>>> print(open('run_35.cif').read())   # mmCIF, C-alpha atoms
data_target
#
loop_
_atom_site.group_PDB
_atom_site.id
_atom_site.type_symbol
_atom_site.label_atom_id
_atom_site.label_comp_id
_atom_site.auth_asym_id
_atom_site.auth_seq_id
_atom_site.Cartn_x
_atom_site.Cartn_y
_atom_site.Cartn_z
ATOM 1 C CA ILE A 194 -32.444 32.135 -138.605
ATOM 2 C CA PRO A 195 -33.029 28.385 -137.828
ATOM 3 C CA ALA A 196 -36.467 26.976 -136.847
ATOM 4 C CA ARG A 197 -34.959 26.027 -133.508
ATOM 5 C CA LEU A 198 -33.538 29.449 -132.539
ATOM 6 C CA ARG A 199 -36.498 31.162 -134.363
ATOM 7 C CA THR A 200 -38.935 31.041 -131.402
ATOM 8 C CA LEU A 201 -36.281 32.371 -128.859
ATOM 9 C CA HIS A 202 -35.226 35.095 -131.437
ATOM 10 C CA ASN A 203 -38.680 36.867 -131.562
ATOM 11 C CA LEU A 204 -38.745 37.033 -127.762
ATOM 12 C CA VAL A 205 -35.198 38.516 -127.367
ATOM 13 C CA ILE A 206 -36.104 40.812 -130.363
ATOM 14 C CA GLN A 207 -39.167 41.862 -128.245
ATOM 15 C CA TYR A 208 -37.346 41.989 -124.836
ATOM 16 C CA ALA A 209 -34.677 44.313 -126.390
ATOM 17 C CA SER A 210 -37.159 46.666 -128.209
ATOM 18 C CA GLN A 211 -38.581 47.206 -124.682
ATOM 19 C CA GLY A 212 -35.246 48.189 -123.027
ATOM 20 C CA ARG A 213 -34.935 45.030 -120.906
ATOM 21 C CA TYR A 214 -31.137 44.428 -121.337
ATOM 22 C CA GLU A 215 -31.281 42.545 -117.986
ATOM 23 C CA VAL A 216 -33.708 39.992 -119.555
ATOM 24 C CA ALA A 217 -32.408 39.750 -123.181
ATOM 25 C CA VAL A 218 -28.631 39.148 -122.653
ATOM 26 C CA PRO A 219 -29.124 36.153 -120.199
ATOM 27 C CA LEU A 220 -31.700 34.660 -122.631
ATOM 28 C CA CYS A 221 -28.985 34.672 -125.311
ATOM 29 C CA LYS A 222 -26.071 33.782 -122.941
ATOM 30 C CA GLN A 223 -27.916 30.765 -121.542
ATOM 31 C CA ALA A 224 -29.390 29.664 -124.883
ATOM 32 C CA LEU A 225 -25.762 29.709 -126.222
ATOM 33 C CA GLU A 226 -24.233 27.458 -123.441
ATOM 34 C CA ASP A 227 -27.250 25.161 -124.155
ATOM 35 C CA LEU A 228 -26.491 24.740 -127.840
ATOM 36 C CA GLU A 229 -22.707 24.716 -127.078
ATOM 37 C CA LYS A 230 -23.105 21.267 -125.354
ATOM 38 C CA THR A 231 -25.636 20.087 -128.066
ATOM 39 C CA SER A 232 -23.795 20.610 -131.424
ATOM 40 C CA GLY A 233 -20.351 21.769 -130.101
ATOM 41 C CA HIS A 234 -18.823 25.256 -130.235
ATOM 42 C CA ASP A 235 -17.727 25.261 -133.944
ATOM 43 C CA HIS A 236 -21.371 24.726 -135.026
ATOM 44 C CA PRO A 237 -23.028 27.343 -137.339
ATOM 45 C CA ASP A 238 -25.989 27.833 -135.001
ATOM 46 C CA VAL A 239 -23.652 29.057 -132.184
ATOM 47 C CA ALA A 240 -22.289 31.559 -134.754
ATOM 48 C CA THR A 241 -25.913 32.600 -135.492
ATOM 49 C CA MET A 242 -26.530 32.859 -131.762
ATOM 50 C CA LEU A 243 -23.319 34.883 -131.211
ATOM 51 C CA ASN A 244 -24.612 37.248 -133.992
ATOM 52 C CA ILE A 245 -28.053 37.763 -132.334
ATOM 53 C CA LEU A 246 -26.548 38.764 -128.919
ATOM 54 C CA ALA A 247 -23.842 40.781 -130.710
ATOM 55 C CA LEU A 248 -26.794 42.669 -132.309
ATOM 56 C CA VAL A 249 -28.194 43.091 -128.711
ATOM 57 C CA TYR A 250 -24.923 44.772 -127.483
ATOM 58 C CA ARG A 251 -24.978 46.947 -130.694
ATOM 59 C CA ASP A 252 -28.678 47.751 -129.983
ATOM 60 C CA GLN A 253 -27.820 49.100 -126.478
ATOM 61 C CA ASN A 254 -24.480 50.929 -127.432
ATOM 62 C CA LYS A 255 -21.881 48.433 -125.972
ATOM 63 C CA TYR A 256 -19.807 48.193 -129.257
ATOM 64 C CA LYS A 257 -16.605 47.019 -127.469
ATOM 65 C CA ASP A 258 -18.456 43.826 -126.456
ATOM 66 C CA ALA A 259 -20.635 43.553 -129.611
ATOM 67 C CA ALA A 260 -17.512 43.075 -131.816
ATOM 68 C CA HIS A 261 -15.964 40.609 -129.278
ATOM 69 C CA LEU A 262 -19.013 38.377 -130.135
ATOM 70 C CA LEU A 263 -18.954 38.997 -133.904
ATOM 71 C CA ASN A 264 -15.246 37.986 -134.154
ATOM 72 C CA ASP A 265 -16.120 34.741 -132.352
ATOM 73 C CA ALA A 266 -19.170 34.197 -134.782
ATOM 74 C CA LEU A 267 -16.755 34.957 -137.645
ATOM 75 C CA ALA A 268 -14.161 32.408 -136.347
ATOM 76 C CA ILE A 269 -16.898 29.695 -136.275
ATOM 77 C CA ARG A 270 -18.278 30.815 -139.720
ATOM 78 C CA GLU A 271 -14.753 30.797 -141.221
ATOM 79 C CA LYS A 272 -14.204 27.211 -139.835
ATOM 80 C CA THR A 273 -17.226 25.184 -141.008
ATOM 81 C CA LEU A 274 -18.834 27.344 -143.755
ATOM 82 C CA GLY A 275 -15.525 28.488 -145.384
ATOM 83 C CA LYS A 276 -12.811 31.187 -145.753
ATOM 84 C CA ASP A 277 -14.581 32.694 -148.824
ATOM 85 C CA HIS A 278 -18.230 31.754 -148.064
ATOM 86 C CA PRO A 279 -21.163 34.336 -148.262
ATOM 87 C CA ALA A 280 -22.175 34.142 -144.522
ATOM 88 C CA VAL A 281 -18.555 34.842 -143.482
ATOM 89 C CA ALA A 282 -18.574 38.037 -145.691
ATOM 90 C CA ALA A 283 -21.872 38.942 -143.965
ATOM 91 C CA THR A 284 -20.294 38.762 -140.512
ATOM 92 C CA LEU A 285 -17.040 40.433 -141.854
ATOM 93 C CA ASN A 286 -19.342 43.332 -142.822
ATOM 94 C CA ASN A 287 -21.408 43.538 -139.621
ATOM 95 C CA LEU A 288 -18.109 43.516 -137.681
ATOM 96 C CA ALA A 289 -16.747 46.396 -139.829
ATOM 97 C CA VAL A 290 -19.987 48.458 -139.136
ATOM 98 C CA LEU A 291 -19.123 48.125 -135.410
ATOM 99 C CA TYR A 292 -15.550 49.383 -135.892
ATOM 100 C CA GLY A 293 -16.924 52.525 -137.631
ATOM 101 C CA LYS A 294 -19.405 53.225 -134.763
ATOM 102 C CA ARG A 295 -16.384 52.959 -132.417
ATOM 103 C CA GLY A 296 -14.392 55.172 -134.872
ATOM 104 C CA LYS A 297 -11.838 52.388 -135.657
ATOM 105 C CA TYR A 298 -12.043 53.074 -139.467
ATOM 106 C CA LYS A 299 -8.411 51.904 -140.251
ATOM 107 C CA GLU A 300 -9.484 48.569 -138.620
ATOM 108 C CA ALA A 301 -12.816 48.172 -140.544
ATOM 109 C CA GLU A 302 -11.078 48.796 -143.920
ATOM 110 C CA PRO A 303 -9.343 45.340 -144.147
ATOM 111 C CA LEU A 304 -12.609 43.594 -143.244
ATOM 112 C CA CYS A 305 -14.576 45.477 -145.883
ATOM 113 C CA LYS A 306 -12.155 44.621 -148.689
ATOM 114 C CA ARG A 307 -12.467 40.875 -147.709
ATOM 115 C CA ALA A 308 -16.375 41.238 -147.704
ATOM 116 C CA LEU A 309 -15.954 42.678 -151.195
ATOM 117 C CA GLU A 310 -13.460 40.035 -152.407
ATOM 118 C CA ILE A 311 -16.036 37.299 -151.298
ATOM 119 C CA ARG A 312 -18.791 39.298 -153.125
ATOM 120 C CA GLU A 313 -16.525 39.726 -156.272
ATOM 121 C CA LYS A 314 -16.173 35.847 -156.412
ATOM 122 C CA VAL A 315 -19.766 34.984 -155.367
ATOM 123 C CA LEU A 316 -21.829 37.599 -157.340
ATOM 124 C CA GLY A 317 -19.236 38.519 -160.016
ATOM 125 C CA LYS A 318 -17.026 41.664 -160.373
ATOM 126 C CA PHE A 319 -19.906 43.610 -162.055
ATOM 127 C CA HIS A 320 -22.934 42.848 -159.858
ATOM 128 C CA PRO A 321 -24.941 45.859 -158.441
ATOM 129 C CA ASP A 322 -24.468 44.504 -154.873
ATOM 130 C CA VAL A 323 -20.682 44.785 -155.553
ATOM 131 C CA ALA A 324 -21.409 48.473 -156.500
ATOM 132 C CA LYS A 325 -23.005 49.059 -153.013
ATOM 133 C CA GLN A 326 -20.066 47.286 -151.277
ATOM 134 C CA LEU A 327 -17.696 49.628 -153.246
ATOM 135 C CA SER A 328 -19.895 52.727 -152.359
ATOM 136 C CA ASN A 329 -19.466 51.626 -148.685
ATOM 137 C CA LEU A 330 -15.692 50.804 -148.855
ATOM 138 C CA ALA A 331 -15.076 54.254 -150.373
ATOM 139 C CA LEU A 332 -16.946 56.033 -147.422
ATOM 140 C CA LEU A 333 -14.515 54.127 -145.068
ATOM 141 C CA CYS A 334 -11.509 55.428 -147.078
ATOM 142 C CA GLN A 335 -13.018 59.001 -146.892
ATOM 143 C CA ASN A 336 -13.355 58.684 -143.053
ATOM 144 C CA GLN A 337 -9.607 57.905 -143.268
ATOM 145 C CA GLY A 338 -8.769 60.815 -145.611
ATOM 146 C CA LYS A 339 -7.432 58.411 -148.298
ATOM 147 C CA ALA A 340 -8.923 60.574 -151.179
ATOM 148 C CA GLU A 341 -7.078 58.625 -153.949
ATOM 149 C CA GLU A 342 -8.950 55.402 -152.898
ATOM 150 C CA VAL A 343 -12.305 57.240 -152.299
ATOM 151 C CA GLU A 344 -12.038 58.383 -155.928
ATOM 152 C CA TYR A 345 -11.139 54.838 -157.183
ATOM 153 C CA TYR A 346 -14.001 52.816 -155.587
ATOM 154 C CA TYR A 347 -16.752 55.448 -156.427
ATOM 155 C CA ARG A 348 -15.609 55.296 -160.075
ATOM 156 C CA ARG A 349 -15.704 51.451 -159.841
ATOM 157 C CA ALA A 350 -19.220 51.637 -158.334
ATOM 158 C CA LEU A 351 -20.207 54.136 -161.075
ATOM 159 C CA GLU A 352 -18.912 51.729 -163.781
ATOM 160 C CA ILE A 353 -21.454 49.052 -162.424
ATOM 161 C CA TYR A 354 -24.373 51.501 -161.634
ATOM 162 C CA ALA A 355 -24.148 53.268 -165.022
ATOM 163 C CA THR A 356 -23.491 50.114 -167.113
ATOM 164 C CA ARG A 357 -25.679 47.378 -165.439
ATOM 165 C CA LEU A 358 -28.556 49.832 -164.484
ATOM 166 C CA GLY A 359 -30.350 52.619 -166.448
ATOM 167 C CA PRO A 360 -29.431 56.307 -167.002
ATOM 168 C CA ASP A 361 -31.985 58.229 -164.879
ATOM 169 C CA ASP A 362 -31.268 55.662 -162.017
ATOM 170 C CA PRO A 363 -30.894 57.132 -158.485
ATOM 171 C CA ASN A 364 -27.511 55.417 -157.828
ATOM 172 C CA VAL A 365 -26.126 56.754 -161.112
ATOM 173 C CA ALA A 366 -26.920 60.358 -159.982
ATOM 174 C CA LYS A 367 -25.989 59.724 -156.291
ATOM 175 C CA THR A 368 -22.551 58.057 -157.042
ATOM 176 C CA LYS A 369 -21.721 60.813 -159.584
ATOM 177 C CA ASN A 370 -22.393 63.439 -156.849
ATOM 178 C CA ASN A 371 -20.332 61.483 -154.217
ATOM 179 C CA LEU A 372 -17.370 61.262 -156.673
ATOM 180 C CA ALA A 373 -17.972 64.918 -157.580
ATOM 181 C CA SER A 374 -17.594 65.745 -153.826
ATOM 182 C CA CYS A 375 -14.359 63.656 -153.660
ATOM 183 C CA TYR A 376 -12.880 65.512 -156.673
ATOM 184 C CA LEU A 377 -13.482 68.846 -154.851
ATOM 185 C CA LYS A 378 -12.036 67.396 -151.555
ATOM 186 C CA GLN A 379 -8.793 67.049 -153.651
ATOM 187 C CA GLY A 380 -9.061 70.214 -155.812
ATOM 188 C CA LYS A 381 -10.114 68.450 -159.088
ATOM 189 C CA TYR A 382 -12.664 71.223 -159.842
ATOM 190 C CA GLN A 383 -13.104 70.627 -163.631
ATOM 191 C CA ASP A 384 -13.751 66.862 -162.955
ATOM 192 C CA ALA A 385 -16.380 67.825 -160.285
ATOM 193 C CA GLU A 386 -18.109 70.515 -162.496
ATOM 194 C CA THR A 387 -18.136 67.925 -165.359
ATOM 195 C CA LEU A 388 -20.065 65.438 -163.171
ATOM 196 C CA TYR A 389 -22.498 68.081 -161.757
ATOM 197 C CA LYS A 390 -23.171 69.030 -165.388
ATOM 198 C CA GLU A 391 -23.849 65.338 -166.594
ATOM 199 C CA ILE A 392 -26.492 64.794 -163.794
ATOM 200 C CA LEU A 393 -28.299 67.997 -164.801
ATOM 201 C CA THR A 394 -28.047 67.387 -168.615
ATOM 202 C CA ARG A 395 -29.838 64.072 -167.995
ATOM 203 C CA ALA A 396 -32.233 65.644 -165.392
ATOM 204 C CA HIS A 397 -33.290 68.246 -167.947
ATOM 205 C CA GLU A 398 -33.315 65.543 -170.680
ATOM 206 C CA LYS A 399 -35.741 63.544 -168.394
ATOM 207 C CA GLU A 400 -38.408 66.300 -167.823
ATOM 208 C CA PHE A 401 -37.799 68.467 -170.978
ATOM 209 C CA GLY A 402 -37.741 65.605 -173.554
ATOM 210 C CA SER A 403 -34.287 66.054 -175.218
ATOM 211 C CA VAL A 404 -31.263 68.452 -175.543
ATOM 212 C CA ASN A 405 -31.613 70.873 -178.482
ATOM 213 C CA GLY A 406 -29.743 74.017 -179.484
ATOM 214 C CA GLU A 407 -32.820 76.071 -178.439
ATOM 215 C CA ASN A 408 -33.735 73.982 -175.335
ATOM 216 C CA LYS A 409 -30.472 73.577 -173.371
ATOM 217 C CA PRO A 410 -29.857 72.511 -169.632
ATOM 218 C CA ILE A 411 -29.864 75.029 -166.636
ATOM 219 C CA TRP A 412 -26.066 75.258 -166.467
ATOM 220 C CA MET A 413 -25.876 76.197 -170.178
ATOM 221 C CA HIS A 414 -28.526 78.937 -169.762
ATOM 222 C CA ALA A 415 -26.550 80.014 -166.622
ATOM 223 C CA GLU A 416 -23.105 80.083 -168.404
ATOM 224 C CA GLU A 417 -24.771 82.064 -171.255
ATOM 225 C CA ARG A 418 -26.541 84.440 -168.741
ATOM 226 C CA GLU A 419 -22.928 85.161 -167.525
ATOM 227 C CA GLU A 420 -22.388 86.800 -171.018
ATOM 228 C CA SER A 445 -34.699 63.546 -158.637
ATOM 229 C CA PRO A 446 -34.013 64.642 -154.964
ATOM 230 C CA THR A 447 -30.264 64.267 -155.617
ATOM 231 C CA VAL A 448 -30.576 67.027 -158.229
ATOM 232 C CA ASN A 449 -31.388 69.881 -155.668
ATOM 233 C CA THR A 450 -27.891 69.139 -154.231
ATOM 234 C CA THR A 451 -26.280 69.064 -157.723
ATOM 235 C CA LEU A 452 -27.818 72.500 -158.430
ATOM 236 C CA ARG A 453 -26.629 73.826 -154.996
ATOM 237 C CA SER A 454 -23.129 72.328 -155.473
ATOM 238 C CA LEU A 455 -22.584 73.392 -159.148
ATOM 239 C CA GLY A 456 -24.130 76.770 -158.391
ATOM 240 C CA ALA A 457 -21.690 77.451 -155.565
ATOM 241 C CA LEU A 458 -18.957 76.010 -157.831
ATOM 242 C CA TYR A 459 -19.608 78.854 -160.301
ATOM 243 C CA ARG A 460 -19.234 81.134 -157.258
ATOM 244 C CA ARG A 461 -15.537 80.048 -156.800
ATOM 245 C CA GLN A 462 -14.905 80.848 -160.543
ATOM 246 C CA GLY A 463 -16.438 84.343 -160.071
ATOM 247 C CA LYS A 464 -19.426 83.337 -162.299
ATOM 248 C CA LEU A 465 -22.003 85.073 -160.051
ATOM 249 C CA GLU A 466 -24.536 85.824 -162.844
ATOM 250 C CA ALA A 467 -24.299 81.926 -163.242
ATOM 251 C CA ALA A 468 -24.139 81.127 -159.493
ATOM 252 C CA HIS A 469 -27.419 83.024 -158.700
ATOM 253 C CA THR A 470 -29.251 81.260 -161.634
ATOM 254 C CA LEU A 471 -29.019 77.722 -160.180
ATOM 255 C CA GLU A 472 -29.323 79.147 -156.599
ATOM 256 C CA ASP A 473 -32.640 80.764 -157.780
ATOM 257 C CA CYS A 474 -33.527 77.463 -159.590
ATOM 258 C CA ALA A 475 -32.918 75.400 -156.390
ATOM 259 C CA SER A 476 -35.093 77.595 -154.097
ATOM 260 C CA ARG A 477 -37.969 77.430 -156.662
ATOM 261 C CA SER A 478 -37.950 73.631 -157.452
ATOM 262 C CA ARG A 479 -39.103 72.719 -153.855
#
>>> encode(input="run_35.cif", output="structure tokens")
Amino acid sequence: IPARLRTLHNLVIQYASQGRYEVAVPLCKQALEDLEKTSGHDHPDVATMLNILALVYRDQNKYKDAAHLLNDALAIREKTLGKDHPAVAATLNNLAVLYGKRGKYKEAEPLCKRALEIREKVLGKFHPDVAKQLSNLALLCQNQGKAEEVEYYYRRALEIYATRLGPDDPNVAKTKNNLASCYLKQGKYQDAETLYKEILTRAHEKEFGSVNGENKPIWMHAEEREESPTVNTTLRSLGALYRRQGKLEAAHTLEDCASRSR
């Protein structure tokens, strides 16, 4: 936000979060035609202005129009700033968020790969912000039913989350679970069970010290009995996974464990 547009911003910000669409839009519209004569159209502050009103149309559910503004901001940003510049990836992302809210997922997908390619160059292939861009771009492929890609990007995100960050890490457990869902969505049940196990082995290794032969994880006590907020879901998922297999003496165990742990 520039110093110049910074005092008008706070007011529109205020006159939007008060449901005064009749006040806010003209304040933007007229402040844009003002700056349009000042520093030309292809100036970055028009692009910044076209992004603040675009966020006004998004704020009061007029997505058709919101994106019409963010493509214009993107055209300016592409011009002066650059084809592979960070602020152009930023507006290639905000524009993709709008396509998803309108249901145009097939149409947000090419924007999100470009927002990623800019991130891959800027931050480096293995940066954790690349892992969140991947965890996003996979959700988009899921909303398209492109399972094979959903699997790919989550695994790519997991590679960064697991390697760059720690083991107990929330994203490590969350991305495992998301990939574990994807595997089931495609009938890769051993792959899914494997993941649901890993999360728990670590979860038990976190609060019970370490994995022994006499102090094993829940799933191991459950598979033998048959003869983290993200963990309540793992327990519920894996539990019901044993249900498919017929392992009911093992399904009830985690289902009992899940209802207790809250």
>>> closest_residue(input="run_35.cif", among="A:448, A:224, A:457, A:218", to="residue A:399", atoms="all atoms listed in the file")
A:448
>>> residues_around(input="run_35.cif", residues="residue A:297", least_positions_apart="2", cutoff="12 Å", atoms="only C-alpha atoms", output="list in words")
residues 256, 257, 260, 288, 289, 290, 291, 292, 293, 294, 295, 299, 300, 301, 302, 303, 304, 333, 334, 336 and 337 of chain A
>>> write_last_selection(input="run_35.cif", atoms="C-alpha atoms", output="PDB file, in the coordinates of the input")
ATOM      1  CA  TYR A 256     -19.807  48.193-129.257  1.00  0.00           C
ATOM      2  CA  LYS A 257     -16.605  47.019-127.469  1.00  0.00           C
ATOM      3  CA  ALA A 260     -17.512  43.075-131.816  1.00  0.00           C
ATOM      4  CA  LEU A 288     -18.109  43.516-137.681  1.00  0.00           C
ATOM      5  CA  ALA A 289     -16.747  46.396-139.829  1.00  0.00           C
ATOM      6  CA  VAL A 290     -19.987  48.458-139.136  1.00  0.00           C
ATOM      7  CA  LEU A 291     -19.123  48.125-135.410  1.00  0.00           C
ATOM      8  CA  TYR A 292     -15.550  49.383-135.892  1.00  0.00           C
ATOM      9  CA  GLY A 293     -16.924  52.525-137.631  1.00  0.00           C
ATOM     10  CA  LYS A 294     -19.405  53.225-134.763  1.00  0.00           C
ATOM     11  CA  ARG A 295     -16.384  52.959-132.417  1.00  0.00           C
ATOM     12  CA  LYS A 299      -8.411  51.904-140.251  1.00  0.00           C
ATOM     13  CA  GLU A 300      -9.484  48.569-138.620  1.00  0.00           C
ATOM     14  CA  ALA A 301     -12.816  48.172-140.544  1.00  0.00           C
ATOM     15  CA  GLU A 302     -11.078  48.796-143.920  1.00  0.00           C
ATOM     16  CA  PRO A 303      -9.343  45.340-144.147  1.00  0.00           C
ATOM     17  CA  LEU A 304     -12.609  43.594-143.244  1.00  0.00           C
ATOM     18  CA  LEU A 333     -14.515  54.127-145.068  1.00  0.00           C
ATOM     19  CA  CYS A 334     -11.509  55.428-147.078  1.00  0.00           C
ATOM     20  CA  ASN A 336     -13.355  58.684-143.053  1.00  0.00           C
ATOM     21  CA  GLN A 337      -9.607  57.905-143.268  1.00  0.00           C
TER      22      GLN A 337
END
>>> resolve_selection(input="run_35.cif", expression="the PyMOL selection byres ((chain A and resi 452-456) around 9)", output="list in words")
residues 374, 385, 386, 389, 390, 393, 411, 412, 448, 449, 450, 451, 457, 458, 459, 460, 464, 465, 467, 468, 469, 470, 471, 472, 474 and 475 of chain A
>>> residues_around(input="run_35.cif", residues="stretch 308-318 of chain A", least_positions_apart="4", cutoff="6 Å", atoms="all atoms listed in the file", output="ChimeraX atom specification")
/A:277,282,285
>>> residues_near_point(input="run_35.cif", point="(-10.3, 79.4, -165.4)", cutoff="10 Å", atoms="only C-alpha atoms", output="PDB file with C-alpha atoms, keeping the file's coordinate frame")
ATOM      1  CA  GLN A 383     -13.104  70.627-163.631  1.00  0.00           C
ATOM      2  CA  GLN A 462     -14.905  80.848-160.543  1.00  0.00           C
ATOM      3  CA  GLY A 463     -16.438  84.343-160.071  1.00  0.00           C
TER       4      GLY A 463
END
>>> residues_around(input="run_35.cif", residues="residue A:396", least_positions_apart="3", cutoff="9 Å", atoms="all atoms listed in the file", output="PyMOL selection string")
chain A and resi 361+391-393+399-401+410+445+448
>>> atom_distance(input="run_35.cif", atom1="atom CA of residue A:235", atom2="atom CA of residue A:275")
12.1 Å
>>> resolve_selection(input="run_35.cif", expression="the PyMOL selection byres ((chain A and resi 326) around 9)", output="short mmCIF file (atom, residue, chain, number, x, y, z; two decimals) with C-alpha atoms, keeping the file's coordinate frame")
data_model
loop_
_atom_site.label_atom_id
_atom_site.label_comp_id
_atom_site.auth_asym_id
_atom_site.auth_seq_id
_atom_site.Cartn_x
_atom_site.Cartn_y
_atom_site.Cartn_z
CA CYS A 305 -14.58 45.48 -145.88
CA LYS A 306 -12.16 44.62 -148.69
CA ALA A 308 -16.38 41.24 -147.70
CA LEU A 309 -15.95 42.68 -151.20
CA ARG A 312 -18.79 39.30 -153.12
CA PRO A 321 -24.94 45.86 -158.44
CA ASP A 322 -24.47 44.50 -154.87
CA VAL A 323 -20.68 44.78 -155.55
CA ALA A 324 -21.41 48.47 -156.50
CA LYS A 325 -23.00 49.06 -153.01
CA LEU A 327 -17.70 49.63 -153.25
CA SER A 328 -19.90 52.73 -152.36
CA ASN A 329 -19.47 51.63 -148.68
CA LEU A 330 -15.69 50.80 -148.85
CA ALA A 331 -15.08 54.25 -150.37
CA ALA A 350 -19.22 51.64 -158.33
#
>>> atom_distance(input="run_35.cif", atom1="atom CA of residue A:359", atom2="atom CA of residue A:332")
23.5 Å
>>> closest_residue(input="run_35.cif", among="A:344, A:229, A:466, A:473", to="residue A:420", atoms="only C-alpha atoms")
A:466
>>> atom_distance(input="run_35.cif", atom1="atom CA of residue A:372", atom2="atom CA of residue A:356")
16.5 Å
>>> closest_residue(input="run_35.cif", among="A:307, A:197, A:228, A:249", to="residue A:216", atoms="only C-alpha atoms")
A:249
>>> residues_around(input="run_35.cif", residues="stretch 231-234 of chain A", least_positions_apart="4", cutoff="8 Å", atoms="only C-alpha atoms", output="NGL selection string")
:A and (227 or 239 or 269)
>>> closest_residue(input="run_35.cif", among="A:397, A:246, A:416, A:270", to="residue A:206", atoms="only C-alpha atoms")
A:246
>>> closest_residue(input="run_35.cif", among="A:298, A:394, A:377, A:255", to="residue A:408", atoms="only C-alpha atoms")
A:394
>>> residues_around(input="run_35.cif", residues="stretch 211-214 of chain A", least_positions_apart="5", cutoff="10 Å", atoms="all atoms listed in the file", output="PyMOL selection string")
chain A and resi 205-206+219-220+249-250+252-253
>>> closest_residue(input="run_35.cif", among="A:223, A:266, A:406, A:209", to="residue A:238", atoms="all atoms listed in the file")
A:266
>>> resolve_selection(input="run_35.cif", expression="the PyMOL selection byres ((chain A and resi 367) around 10)", output="ChimeraX atom specification")
/A:351,354,362-366,368-373,392,445-448,450-451
>>> build_atoms(input="run_35.cif", residues="stretch 298-310 of chain A", atoms="N, CA, C and O atoms", output="compact mmCIF listing (two decimals), in the frame of the given file")
# COMPACT_ATOMS: atom_id res chain seq x y z
N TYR A 298 -11.87 53.19 -138.00
CA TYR A 298 -12.04 53.07 -139.47
C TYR A 298 -10.90 52.28 -140.12
O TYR A 298 -11.17 51.37 -140.89
N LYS A 299 -9.63 52.57 -139.75
CA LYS A 299 -8.41 51.90 -140.25
C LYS A 299 -8.50 50.38 -140.12
O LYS A 299 -7.95 49.66 -140.94
N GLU A 300 -9.23 49.94 -139.09
CA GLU A 300 -9.48 48.57 -138.62
C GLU A 300 -10.69 47.87 -139.29
O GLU A 300 -10.78 46.64 -139.26
N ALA A 301 -11.63 48.66 -139.84
CA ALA A 301 -12.82 48.17 -140.54
C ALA A 301 -12.49 47.96 -142.02
O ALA A 301 -13.05 47.07 -142.65
N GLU A 302 -11.58 48.79 -142.55
CA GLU A 302 -11.08 48.80 -143.92
C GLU A 302 -10.64 47.40 -144.38
O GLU A 302 -11.14 46.97 -145.42
N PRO A 303 -9.77 46.65 -143.65
CA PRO A 303 -9.34 45.34 -144.15
C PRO A 303 -10.44 44.31 -144.16
O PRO A 303 -10.36 43.36 -144.93
N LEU A 304 -11.47 44.50 -143.32
CA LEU A 304 -12.61 43.59 -143.24
C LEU A 304 -13.49 43.80 -144.44
O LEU A 304 -13.99 42.84 -145.03
N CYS A 305 -13.70 45.07 -144.80
CA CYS A 305 -14.58 45.48 -145.88
C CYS A 305 -14.03 45.14 -147.25
O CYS A 305 -14.82 44.99 -148.17
N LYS A 306 -12.71 45.00 -147.39
CA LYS A 306 -12.16 44.62 -148.69
C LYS A 306 -12.37 43.15 -148.87
O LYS A 306 -12.63 42.74 -150.00
N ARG A 307 -12.27 42.34 -147.75
CA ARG A 307 -12.47 40.88 -147.71
C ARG A 307 -13.91 40.49 -147.99
O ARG A 307 -14.13 39.44 -148.59
N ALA A 308 -14.89 41.33 -147.52
CA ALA A 308 -16.38 41.24 -147.70
C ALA A 308 -16.77 41.50 -149.18
O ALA A 308 -17.82 41.07 -149.67
N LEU A 309 -15.91 42.27 -149.83
CA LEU A 309 -15.95 42.68 -151.20
C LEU A 309 -15.33 41.58 -152.00
O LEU A 309 -15.97 41.14 -152.94
N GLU A 310 -14.11 41.13 -151.67
CA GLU A 310 -13.46 40.03 -152.41
C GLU A 310 -14.36 38.78 -152.47
O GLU A 310 -14.44 38.18 -153.54
